[PDB]
Amino acid sequence: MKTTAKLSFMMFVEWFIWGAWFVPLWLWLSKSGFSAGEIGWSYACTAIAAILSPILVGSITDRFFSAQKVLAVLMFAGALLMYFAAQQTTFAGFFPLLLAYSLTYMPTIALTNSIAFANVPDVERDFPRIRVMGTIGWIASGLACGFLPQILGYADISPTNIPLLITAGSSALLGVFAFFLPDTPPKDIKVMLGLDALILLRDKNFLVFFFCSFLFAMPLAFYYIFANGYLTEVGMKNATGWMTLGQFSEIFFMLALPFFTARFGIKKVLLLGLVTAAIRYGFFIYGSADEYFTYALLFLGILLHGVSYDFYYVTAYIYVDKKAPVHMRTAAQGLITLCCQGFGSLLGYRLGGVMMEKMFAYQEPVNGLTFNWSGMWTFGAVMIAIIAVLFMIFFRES
Amino acid sequence: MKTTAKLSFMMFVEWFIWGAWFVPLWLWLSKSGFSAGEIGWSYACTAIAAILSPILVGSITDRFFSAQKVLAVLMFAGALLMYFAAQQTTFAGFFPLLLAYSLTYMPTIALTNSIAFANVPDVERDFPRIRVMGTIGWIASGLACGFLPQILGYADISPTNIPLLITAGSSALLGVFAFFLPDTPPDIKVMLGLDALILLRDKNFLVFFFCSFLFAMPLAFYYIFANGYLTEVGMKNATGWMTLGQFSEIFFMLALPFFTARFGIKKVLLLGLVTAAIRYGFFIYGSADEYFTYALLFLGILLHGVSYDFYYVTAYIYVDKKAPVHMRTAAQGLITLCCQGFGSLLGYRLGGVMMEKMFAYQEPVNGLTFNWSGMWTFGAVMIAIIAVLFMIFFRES
Ligand SMILES: CCCCCCCC/C=C/CCCCCCCC(=O)OC[C@H](O)CO
Ligand SMILES: CCCCCCCC/C=C\CCCCCCCC(=O)OC[C@H](O)CO
């Protein structure tokens, strides 16, 4: 029970619980009678909570409560709120409980990486090694949810609420484990996220980056709300655990990434992630698992998801850091996260969801598919292509 | 993972939770600057929740919620409320969260009895078996709290909050364990008493109601002052050694039926009374300075359970015997709500400010910050006078 290894367990569980439910959710909702647009709103809960929680963390670190004491009760509230949500037959009863849970979860991200940062001897020695534990625990929820139950004699739980239950149980666990976590002190103008960072848009490169990133987030939201549903509808078994190849891919390919970034330069690497997200979505157009070649395309798409994340998200953060004034880089990160990764995420979810029910929903299933999945992946791949070319020509740097 | 045993674990943890924090709370509250009165109110919280709880259980099921799901929700709520309370530094912050926790909790008791009752095949065979598991869990909390932390190299937790955190953790556990629980399905506030209020016109029933109302006020002295006294008298692991009363209740249950058939309910009721009196006398004279004092201390813990069985169960038996068969459960609810509930409330607070105002030592001497032996005198002959008042004023058949 060493203090640093304590930190690692709490990181692991913290992202374990978000994973346990985020990935399977579509299958249980479509099967329990939701429609594409209801489901889109359900995944939009995520983006709303993301953009709204800096406010909440102003509330939640401002007051004298130290982070570990807070995380215990936010975790307990989350277990309660989502158990309640998990028992919901309807969209009307289900949605507000998901939004409530989401609001009490997303501050914990900050809480937990605060407690890791404060109580670790060397930041560059231990912080990275703590924060990959988050990815590890995402993996663990995935394997627990797509592989473990079948190992004990049960069938795929993805079309059922048990993932919703796993997350609740894990919340409960992290709650109790917050007793044994070291003391972490906390650390009032609401306008910090935006106004600090809005006047950085005047630089041309920064604006093209900002708005092409914001466009990026909307097709890229298709993956998180549809990949598992489609993967299983097209015949891949244990899809919710096989999707951890994107996580393993991120982890392992990022060692290869810095040597990339040196040899080619940020504009090349920024659009390289773009092109492999395009390629990946194409793989999802044509893959359908009946034959080994289409199956291989499925797996390769998941791989290049982690490749694509490493190419774009991490260098993007770097770019903002080297490109922003030091007092203001935390502000700018807050900002691009806020709209790009928050409003672009919401746009992605609901654009895609109502677009599916309006233009793709099958009236009666054909060959196991109740959606023209290939068609939507193709929409998104095409749109990635043409936002990508704009960024190729509308922006340049050295 | 069988319906047979799943309920047993449920009852175990369910009363484990009440036990964890209830016995030790005095030590920590007192050792964090509280006063005897604020402590009295704190123990009174649980009685208030008991008082107000049928209201909450009459709104729990009316909206068609399955007992196991709502229980999961309530255990989670109690975990959170208990953590908050446990991080509290003064009575003003501590009290409201305790009251909230308790209100979340004591509907759980009913709920868990519902869930247990529904899903055993033979209820008169297998219900008692689940009922003992609650007291066994209460035993487990005692032991785990006043014995296990020394085993791991840590000093006594009874003066710290940790009981409070142990409570939170077990709340969270039973909460999660409610997922695996079998399915148990489910508006006049007046129903709990007015049914039974008209029963009081029998004079024996009034005498019994009134004198158990009196009896329950001294009787609360034990729960609120016993651990503090026992430890301040130098008994170590007191919080664990106090489970002997629980044990003795369990084992003395087998000698109860043959006791209750041999002299009736008058003698056996006041036998409950008398053993509670004399064990209070043992409390007035025991200490650990000498071996014999020590022997008194342990015997007084045993006589708790003996006194409890006698009174608490043959009284229930008496009202069932004495109540019309629709109204018997209403009758239960009434005497448990005012006698066991209001009497407890007034015992806790009466004693709290009693010791605050007329028993607090300016400067602790011989380890004692109170004239404990004085309070036990007060209580023991309060028991005595109520005992004789009962002695002549109550007739049987
Ligand atoms: C009151 C009116 C006065 C005018 C108001 C401000 C002028 C408008 C432009 C401001 C850029 C502000 C920062 C100027 C320097 C920016 C450089 C920067 O962004 O960081 C450098 C980084 O290394 C990249 O390579
Ligand atoms: C200012 C106080 C006014 C009086 C308040 C009344 C309450 C009782 C008071 C004192 C009894 C304490 C005396 C305890 C006897 C000590 C005897 C002793 O010295 O040791 C024991 C024995 O001798 C070993 O062999």
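Note that chain B carries Swiss-Prot numbering, so the residues on display, from first to last, are 1-186, 193-403.
If you're wondering, the header gives X-ray crystallography, 2.9 Å.
Every residue gets a Cβ built from N, Cα and C, even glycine.
For B:1-8 (among others), the entry in Swiss-Prot reads topological domain 'Periplasmic'. Note on the topological domain 'Periplasmic' (B:1-8): DSSP counts are 6 helix, 0 strand, 2 coil.
The topological domain 'Cytoplasmic' annotation in Swiss-Prot covers B:30-38 (among others) and rests on sequence analysis.
Counting residues per DSSP class in helix, strand and coil order gives 1 helix, 0 strand, 3 coil for the topological domain 'Periplasmic' (B:60-63). Here Swiss-Prot flags B:60-63 (among others) as topological domain 'Periplasmic', drawing on sequence analysis.
Residues 32-33, 97-98, 101, 161, 164-165, 167-168 of the same chain lie 6+ residues outside the topological domain 'Cytoplasmic' (B:85-90) yet bring a C-beta within less than 8 angstroms of a C-beta in it. Look at Swiss-Prot and you will find B:85-90 (among others) tagged as topological domain 'Cytoplasmic'.
The topological domain 'Periplasmic' feature in Swiss-Prot is assigned to B:112-131 (among others).
Under the heading topological domain 'Cytoplasmic', Swiss-Prot lists B:153-161 (among others).
The list of residues near the topological domain 'Cytoplasmic' (B:232-244) in space but at least 6 beyond its ends in sequence, with Cβ under 8 angstroms from a Cβ of it, reads 23-24, 26-27, 30, 146-147, 150, 158, 289, 292-295, 300, 303, 373-376, 378, 382. Taken from Swiss-Prot, the feature topological domain 'Cytoplasmic' covers B:232-244 (among others).
Annotated topological domain 'Cytoplasmic' per Swiss-Prot: B:309-339 (among others), in sequence order, evidence recorded as sequence analysis.
Within the chain, the topological domain 'Periplasmic' (B:361-379) has long-range Cβ neighbours (under 8 A, six or more residues past its boundaries) at 30, 35-37, 40, 231, 234-235, 238-240, 289-291. Annotation source Swiss-Prot lists topological domain 'Periplasmic' at B:361-379 (among others).
The transmembrane segment annotation in Swiss-Prot covers B:9-29 (among others).
Long-range contacts of the transmembrane segment (B:39-59) within the same chain, counting only residues at least 6 positions beyond its ends with a Cβ under 8 Å from a Cβ of the stretch, are 22, 25-26, 29-30, 91, 94-95, 98-99, 102-103, 105-107, 110-111, 193, 195, 197-198, 226, 229-230, 339, 342-343, 346-348, 350-351, 354-359, 362. Taken from Swiss-Prot, the feature transmembrane segment applies to B:39-59 (among others), supported by sequence analysis.
Annotation comment: Swiss-Prot describes B:64-84 (among others) as transmembrane segment. Counting same-chain residues at least six beyond the ends of the transmembrane segment (B:64-84), those with a Cβ under 8 angstroms from any Cβ of the stretch are 17, 21, 97, 100-101, 104-105, 107-108, 111-112, 114-115, 118, 164-165, 167-169, 171-172, 174-176, 178-179, 181-186.
Long-range contacts of the transmembrane segment (B:91-111) within its own chain (CB-CB distance under 8 A, at least 6 residues past either end) are made by residues 14, 17-18, 29, 34, 38, 41-42, 45-46, 48-50, 52-53, 56-57, 60, 67, 70-71, 74-75, 77-78, 81-82, 84-85. Annotation source Swiss-Prot lists transmembrane segment at B:91-111 (among others), citing sequence analysis.
Swiss-Prot lists B:132-152 (among others) with the feature transmembrane segment, giving sequence analysis as the kind of evidence.
What Swiss-Prot lists as transmembrane segment is B:162-182 (among others), and the listing cites sequence analysis.
If you look up Swiss-Prot, you'll see B:211-231 (among others) marked as transmembrane segment.
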Check: Who are the long-range neighbours of the topological domain 'Cytoplasmic' (B:153-161) in its own chain, taking Cβ under 8 Å and residues 6 or more past its ends?
Finding: 23-24, 27-28, 31, 86-87, 145-146, 233, 237, 244-245
Check: Are the transmembrane segment (B:288-308) and the transmembrane segment (B:132-152) close, by which I mean at least 3 Cβ pairs under 8 Å that are 6+ residues apart in sequence?
Finding: no
Margin query: Distance between the Cα atoms of B:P186 and B:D193, in Å as an integer, please; the 6 residues between them are unmodelled.
Written below: 14
Check: Per the definition of 3+ C-beta pairs under 8 A with sequence separation of 6 or more, do the transmembrane segment (B:132-152) and the transmembrane segment (B:245-265) touch?
Finding: yes
Next item on the list: Using a Cβ distance cut-off of under 8 Å, indicate which of B:9-29, B:162-182, B:245-265, B:340-360 has the most pairs with the transmembrane segment (B:211-231).
Entry: B:340-360
Check: In the topological domain 'Periplasmic' (B:112-131), how many residues does DSSP call helix, how many strand, and how many coil?
Finding: 16 helix, 0 strand, 4 coil
Item checked: Contacting positions for the topological domain 'Cytoplasmic' (B:309-339) when only residues 6+ beyond its ends and CB under 8 Å are counted -> 54, 197-199, 201-202, 205, 208, 210-211, 214, 218, 221, 228, 250-256, 258-259, 262, 265-266, 271, 274-275, 277-279, 281-282, 284-285, 288
Checklist line | the topological domain 'Cytoplasmic' (B:309-339): DSSP-derived helix, strand, coil residue counts | finding: 27 helix, 0 strand, 4 coil
